[PDB]
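Shown next as structure tokens: one chain only, the form solved without the ligand.
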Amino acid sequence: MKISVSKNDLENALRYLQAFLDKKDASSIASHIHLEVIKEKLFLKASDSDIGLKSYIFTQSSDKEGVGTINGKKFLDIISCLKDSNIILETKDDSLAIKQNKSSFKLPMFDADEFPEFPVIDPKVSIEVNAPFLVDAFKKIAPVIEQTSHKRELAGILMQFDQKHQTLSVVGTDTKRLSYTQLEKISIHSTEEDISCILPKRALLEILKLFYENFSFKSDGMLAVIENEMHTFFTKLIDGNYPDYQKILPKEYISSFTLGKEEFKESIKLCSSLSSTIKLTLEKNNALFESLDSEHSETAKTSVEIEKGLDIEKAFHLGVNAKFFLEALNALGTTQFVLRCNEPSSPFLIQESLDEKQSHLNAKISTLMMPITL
């Protein structure tokens, strides 16, 4: 091959690709990016059986078309050390030459025939995402999912597509808490009325780096493929049978309290200076927070006034996990939140104020958590 490219364009493409390389063993083609010049475009890809990214940039000049490979980490280290002028890339034999003015480099290429084939699917379901609601949901739900979850299907996020009712439900859970959202009025094309894709957490995190809005999401039940103008990303899906969250959501809630989000964040952070768990006491015009989990003779307490009185006769006590409660509040875009409760020994809900109100750009995440006893 022989081309010249913009330094910035190349650098940016290389940064995105770093996360799809096994960088530790440079002698393996898994540490390499595959390169292919084609009619005024350079395509860069890094792939394996589980995950991959294909990107392109435009060439500033193109002289000779072809394919090749190069160590992705070294390539990026080199480029990030160069000036902002254009970079000439040119193969020699099984070596890639890189030149910019007085600076020149060589790196070994591998046999491109060993490079994994970049899959293509024939999609069973597909959507066009024209707003940030989906990545908004991914971002807000991701904290509840542990990547090394020793149970296979909880290690990922669930995308449940309802062709019939044009809804996409997004769910994450570890076993102590569960966060979900139901996205309405989503134009779903699908061969079946119901289908569920489980994205590995690792894939979820890469998706957040690559995509925001104006992308397509397609899947054949085995791989999910996401594309916009510059990128094609894919991931293997996790086998199947995500627990149905709908069955373990409580039917009713005796108590629903509208409370101050930032005051609760501040008060919970404060008590977690000495504990992981907190005792919350709600009264008509007052919220009290006490460290619960703290070591002997270490105590942390605070309270906040509640101006618009709660519908409480005397006092409601609820033991909570401080981090989970904070992360539940972190996931909300409202200044106030609703806490829904029943018995203090039973799971409780945290959601946005006016969660029922419909929006378009953003997702509204609800979180169900198990309480701590006493």
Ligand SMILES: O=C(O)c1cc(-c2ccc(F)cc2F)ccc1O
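Note that residue numbering begins at 1 and tracks the sequence as displayed. Definition used throughout: the rigid core is the maximal C-alpha set that superposes within 1.5 Å between two forms. Only residues modelled in both forms are compared.
Missing here is the form deposited with the ligand bound; even so, the following discussion is about that form.
- Stretch-level contact check against the ligand in the deposited bound form with heavy atoms at 4.5 Å: of 171-179, 265-273, 130-138, 228-236, the positive one is 171-179.
- Between the ligand and the residues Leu288, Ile248, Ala97, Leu205, the one pair within 4.5 Å by heavy atoms in the deposited bound form involves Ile248.
- Think of it this way: in the deposited bound form, the ligand has a heavy atom of just one of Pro243, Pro119, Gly221, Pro108 within 4.5 Å, and the residue is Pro243.
- Of the heavy atoms in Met369, some are within 4.5 Å of the ligand in the deposited bound form.
- Although the partner is absent here, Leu82 is not a contact residue: none of its heavy atoms lies within 4.5 angstroms of the ligand in the deposited bound form.
- With a 4.5 Å cutoff on heavy atoms, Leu154 counts as touching the ligand in the deposited bound form.
- With a 4.5 Å cutoff on heavy atoms, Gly68 does not count as touching the ligand in the deposited bound form; it lies far away.
- For the stretch 310-349, the set of residues having any non-hydrogen atom within 4.5 angstroms of the ligand in the deposited bound form comprises only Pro347.
- When the two forms are fitted on their rigid core, the residues between the shown form and the other one that move as a run of three or more, each C-alpha shifted by 2 Å or more, fall solely in 148-151.
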